[PDB]
């Protein structure tokens, strides 16, 4: 079975470089043309490059020509993507793919991508790494119809994704809901993580959200407590 | 030049025939064969149709392809729940020497019970007020379909600016979630009696209300 595994992706600032690699197995690598295809968050598939079986020629998308180089090492069954002078519009998931035909594409013939890899994410942003500011979202004294009290944490203005939030050191998993983060106009992210608890407990028990932002190494525990009312 | 054109969406009820078109030029579809891919966003696509009308083994018989001139289509003959994904067509352009994707189509399997949203509203934290900032958070869960309209109101009046709202995102639930954040100054916050988050979903509007009344 043909496997393609992409590697190298990261978070960089504009003008900087990366190199992606795509390691393969389950086929005679040197026989096929190989692709790079990307996908910008919320957008469609966009072809980046192709390289012939023997690497004798390579073709690029207009947007990338001159900043990107596709190359291959048929000895080590690996495909590279050298990405220079990276631009925020290059943010995406990068896939390698195999061309299913006879080593190239032409006016005669082009099979197209047959097997794909899993993707490696690339983020190019003007932002720098920022740890979050962590605020408790205290459980309201205002009753609600039902056996509900909601409390949470606000994980505000971080970069980059992701962040890890657990509750009571992950000893609480029941009725936690951590929402998808917003990407503010800042370039920074914010998320919220809520626990709906039976209002009887609120005050009988203690709730702390544990927030871990690996990229910054910002680890914060916020105790979330009923207001003095 | 750069793009195949697809309709942004195609829908139907389960068991119907749903087809997807893909409009190109002389230089790509007119010249070369067309592939179709099925993809869940950000995840690896999968080849569904190659060389206009061929199918790889494992692909269901209800998928067919067709091409003529500079146009191609995908047919789904008996729409099933599994078929809710993105679809791309693709082809090599002999003039540009490039491999061109279609702009892509989302399918939705029509019906599915409408689900009202759960609205949960938090006022600014004390500790964030000390930092001289204020965020109000409106969290909106367990809705279907994924189309909501969030408004912010202060006393009797629509809140101008400072609103960030996420685009709704499907849960494993098959229902949606969305957040909305209102940024103010602690003085704005404190200069009103009440703040509301109002969410309108399929002609129904839910409102939650918070007040600077911590122990007042």
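Chains as they are written, first to last, in the authors' numbering: chain H, 1 to 101, 101A to 101D, 102 to 104, 104A to 104D, 105 to 221; chain L, 1 to 27, 27A to 27B, 28 to 214. Note that beta-carbon positions come from the ideal geometry of N, C-alpha and C, so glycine has one too.
Q. Per DSSP, what kind of secondary structure is residue 169(L) in: helix, strand or coil?
A. coil
Q.
Considering Cα atoms alone, identify which of 17(H), 92(H), 14(H) is closest to residue 46(H).
A. 92(H)
Q) In the structure shown, what three-state DSSP assignment does residue 57(L) receive? A) coil
Q) What's the gap between the Cα of residue 106(H) and the Cα of residue 73(H)? A) 20 Å
Q. For residue 199(H), which of 205(H), 128(H), 39(H) has the nearest alpha-carbon?
A. 128(H)
Q | Length of the line joining the Cα atoms of residue 111(H) and residue 41(L) | A | 7 Å
Q. Per DSSP, which one or two residues make a beta bridge with residue 162(L)?
A. For residue 162(L), which the question treats as bridged, DSSP gives the partners 179(L).
Q: Mind listing, in chain order, the continuous beta strand (DSSP E) runs of no fewer than 3 residues lying wholly within the region 95-149 of chain L?
A: 96-99, 103-107, 116-120, 132-141
Q. Nearest-angstrom Cα distance between residue 94(H) and residue 6(H)?
A. 8 Å
(Q) Let's test the definition: count the other Cβ atoms within 10 Å of the Cβ of residue 138(L) and tell me whether it reaches 16, buried, or not, exposed. (A) buried
Q: Could you list which residues in chain L have their beta carbon closer than 7 Å to that of residue 27(H), in chain order?
A: Within 7 Å Cβ-Cβ: nothing; residue 27(H) doesn't reach chain L, min ~15 Å.
Q) Got a sec? Which residues, its chain only, sit under 6 Å from residue 54(L) by beta carbon, not counting five neighbours each side? A) 45
Q: Would you tell me roughly how many angstroms separate the C-alpha atoms of residue 90(L) and residue 65(H), rounded to the nearest one?
A: 18 Å
Q: Kindly confirm or deny that the region 156-166 of chain H and the region 11-24 of chain H touch, where touching means at least three C-beta pairs closer than 8 Å.
A: Here the region 156-166 of chain H does not lie against the region 11-24 of chain H, with fewer than 3 beta-carbon pairs under 8 Å apart.
Q) Taking DSSP as the reference, what is the three-state secondary structure of residue 188(L)? A) Helix.
Q: Mark residue 115(H) as exposed unless 16 or more other C-beta atoms lie within 10 angstroms of its C-beta, in which case mark it buried.
A: buried
(Q) Please state whether the Cβ-Cβ distance between residue 122(L) and residue 77(L) is less than 8 Å. (A) Inclusion of residue 122(L) and residue 77(L) in the CB contact set at 8 Å is not warranted, their separation being larger than that value.
(Q) Contact criterion: CB-CB distance below 8 Å. Does residue 25(L) meet it with respect to chain H? (A) By this cut-off, residue 25(L) is not an interface position.
**Q.** Touching by the beta-carbon criterion (3+ pairs, under 8 Å), the region 106-114 of chain L and the region 124-131 of chain L
**A.** Result no; under three Cβ-Cβ pairs closer than 8 Å.
Q) Does the region 194-203 of chain L touch the region 141-158 of chain L, meaning 3 or more C-beta pairs lie closer than 8 Å? A) Yes, since at least three Cβ pairs between the region 141-158 of chain L and the region 194-203 of chain L fall closer than 8 Å, the two stretches touch.
Q. Would the beta-carbon of residue 147(H) fall within 8 Å of that of residue 103(H)?
A. no
Q: Could you tell me if residue 52(L) is buried or exposed, where buried requires 16 or more neighbouring beta carbons within 10 angstroms of its beta carbon?
A: exposed
Q: Check whether the Cβ atoms of residue 126(H) and residue 216(H) sit closer than 8 Å, and answer yes or no.
A: Not in contact: residue 126(H) and residue 216(H) (Cβ atoms no closer than 8 Å).
Q. Going by beta carbon distance, what residues of the same chain come within less than 6 Å of residue 21(H), once the five residues before and after it are set aside?
A. 7, 8, 78, 80
Q.
Check whether chain C comes within 8 Å of residue 19(L), counting only Cβ atoms and requiring the distance to be less than that.
A. Checking the listed chains, one finds no chain C in this structure; the protein chains it contains are H and L.
Q.
Just to confirm the assignment: which complete alpha helix (DSSP H) runs, minimum length 4, are found wholly within the region 48-72 of chain H?
A. none
Q) If you draw a straight line from the C-alpha of residue 88(H) to the C-alpha of residue 192(H), how long is it? A) 49 Å
Q. For residue 185(H), does the count of other Cβ atoms within 10 angstroms reach 16, so buried, or fall short, so exposed?
A. buried
(Q) For residue 86(L) and residue 31(L), I'd like the C-alpha separation in whole angstroms. (A) 14 Å
(Q) For the structure I just gave you, are there three or more beta carbon pairs, one from the region 35-49 of chain H and one from the region 96-113 of chain L, closer than 8 Å? (A) Contact between the region 35-49 of chain H and the region 96-113 of chain L is established, with three or more Cβ pairs separated by less than 8 Å.
(Q) Suppose you measure from the CA of residue 122(H) to the CA of residue 199(L); what does that come to, to the nearest Å? (A) 35 Å
Q.
Less than 6 Å between C-beta atoms, sequence neighbours within five positions excluded: which residues of the same chain meet that for residue 162(L)?
A. 179
**Q.** Same chain, Cβ closer than 6 Å to residue 219(H), five either side skipped, listed in chain order
**A.** 130
Q.
Spatial neighbours of residue 113(H) within its chain, please: C-beta separation below 7 Å, excluding the five flanking residues on both sides.
A. 9, 93
Q) In this structure, does DSSP put residue 88(H) in helix, strand or coil? A) helix
Q: Check whether the Cβ of residue 148(H) lies closer than 8 Å to any Cβ atom in chain L.
A: Yes, its Cβ sits closer than 8 Å to a Cβ of chain L.
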